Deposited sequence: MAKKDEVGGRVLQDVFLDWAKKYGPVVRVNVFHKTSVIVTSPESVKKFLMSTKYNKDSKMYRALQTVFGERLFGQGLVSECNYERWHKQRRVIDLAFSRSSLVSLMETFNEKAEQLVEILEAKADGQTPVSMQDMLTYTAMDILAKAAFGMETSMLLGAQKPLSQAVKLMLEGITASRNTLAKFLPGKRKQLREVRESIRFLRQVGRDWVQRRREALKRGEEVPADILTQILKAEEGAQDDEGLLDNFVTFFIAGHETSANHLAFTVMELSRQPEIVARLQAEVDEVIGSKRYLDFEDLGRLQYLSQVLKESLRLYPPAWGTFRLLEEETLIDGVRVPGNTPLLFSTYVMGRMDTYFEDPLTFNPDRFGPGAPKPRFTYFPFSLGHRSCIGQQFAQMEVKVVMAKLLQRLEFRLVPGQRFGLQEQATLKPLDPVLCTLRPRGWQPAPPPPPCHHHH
């Protein structure tokens, strides 16, 4: 049971507008679809600086700073977004299919090597290394090779940093210094990878355009590299953590969903076959898998929502909310309200079937409007590639004792590490 589950009880009991404490700050959780549409779908409402200070700096160390997630002032964010947007064109994402295929295939062979049916493997960790290996190469041109046992300190540094964000937001000498040491380590990797890119361009090398290209470009007239490093850390973390968490939750759920797995296997067989490389066009045709990933997001959204600063006293669903109040919007909460979803605890991918009305402002795992996930299509593409490959080659069985609950760190993720034993598909 996480804090979001408490918010859900209160949304259900006390209605569509409810004053709550979150990250030790006062806020009003707003759960009507009409309010979601009103506040997220208009550029008039912007993020609440107060609620994002916990990402901007941690334990007296700059982290996300004023990067793309944590920048709340419209015009300023709009300056970065417009530039960084180019790195996410249809043609830019198509060019990444190689990275996604490579890392996915590497993942599967490591797993196939352990596929005896008695070797416990943490799918949470495995999926974390994959997501990080994908992001690092795709966004920055660098190989972290975590799948191959490499970069243990970097890995540890991300682990501690996320724990840092958590404790910061929820009220021991050593962990305090480790978190500071991890954050500094992280921004240091940043300058080195930035250093590497600039030096390569100073030797007149042809570097294919990526995310780093656009983050450098967004920081032209900068007295220092701090903005760029804000955006470096932003992408490094945002660009793998929630993707790994989404994947972990999907694998965990599917382990107790044998009929759904058969449909998925049946579908993977038709569209890709035993083919090794997935083409861009292959993704679109994996429609039942798309429905299952959507349904995984409804029940288990890694990023549970967002805040919008309400500048003036306003009437929200017959409720007078005082000005300068942070509005909380929770896709986690709405997804679990029987008011919006019939039998809400039932994992049913048929909810997203062809022909079913799309949810109207009751489902937003990538948020909505101008502050929506810039990485949506990136994430959706990479996770489809990863799952497709797993569904081709492997079957998982959750190790007895493995629980299905959640935890909240910087994001939602499984409470248990999704320990599985594996067999080749068919065994």
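- Residues of the deposited sequence lacking C-alpha coordinates, counted from 1, fall in the stretches 1 to 9, 181 to 187, 444 to 456.
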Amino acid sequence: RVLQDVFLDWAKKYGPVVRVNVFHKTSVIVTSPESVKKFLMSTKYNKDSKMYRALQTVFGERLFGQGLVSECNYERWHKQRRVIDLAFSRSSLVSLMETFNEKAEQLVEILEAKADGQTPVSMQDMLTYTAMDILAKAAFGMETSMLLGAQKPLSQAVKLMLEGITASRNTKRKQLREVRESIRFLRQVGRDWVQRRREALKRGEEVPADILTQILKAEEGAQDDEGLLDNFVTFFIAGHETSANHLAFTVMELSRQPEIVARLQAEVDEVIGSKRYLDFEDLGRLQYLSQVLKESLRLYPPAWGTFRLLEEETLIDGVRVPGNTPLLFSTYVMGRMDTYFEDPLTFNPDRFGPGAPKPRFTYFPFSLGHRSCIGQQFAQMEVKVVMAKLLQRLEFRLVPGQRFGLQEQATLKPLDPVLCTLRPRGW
From here on, numbers count along this sequence of modelled residues.
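So that the term is clear: the rigid core is the largest set of C-alpha atoms that superpose within 1.5 Å between two forms.
- After superposition on the rigid core, the larger root-mean-square Cα deviation in 9 other deposited structures of this protein belongs to 162 to 170, not to the other of 189 to 197 and 162 to 170.
- Using the rigid core as the fitting frame, the root mean square C-alpha deviation in 9 other deposited structures of this protein is greater for 20 to 28 than for the other of 20 to 28 and 404 to 412.
- In this entry, 193 to 201 has the higher mean Cα B-factor, the comparison being between 286 to 294 and 193 to 201.
- Stretches 237 to 245 and 102 to 110 differ in mean CA B factor, with 102 to 110 having the higher one.
- Note on 129, 352, 280, 300: the highest value goes to 280, judged by CA B factor as recorded.
- Highest C-alpha temperature factor among 357, 305, 208, 344, as the PDB entry reports it: 208.
- Ranked within its chain, residue 61 lands in the highest third, by CA B factor from the PDB record.
- Ranked by C-alpha B-factor against the other modelled residues of its chain, residue 164 falls in the highest third.
- Placement of the Cα temperature factor of residue 335 within the chain: lowest third of the modelled residues, per the deposited record.
- The PDB entry assigns residue 329 a C-alpha temperature factor belonging to the lowest third of its chain's modelled residues.
- In the PDB entry, residue 224 places in the highest third of its chain by CA B-factor.
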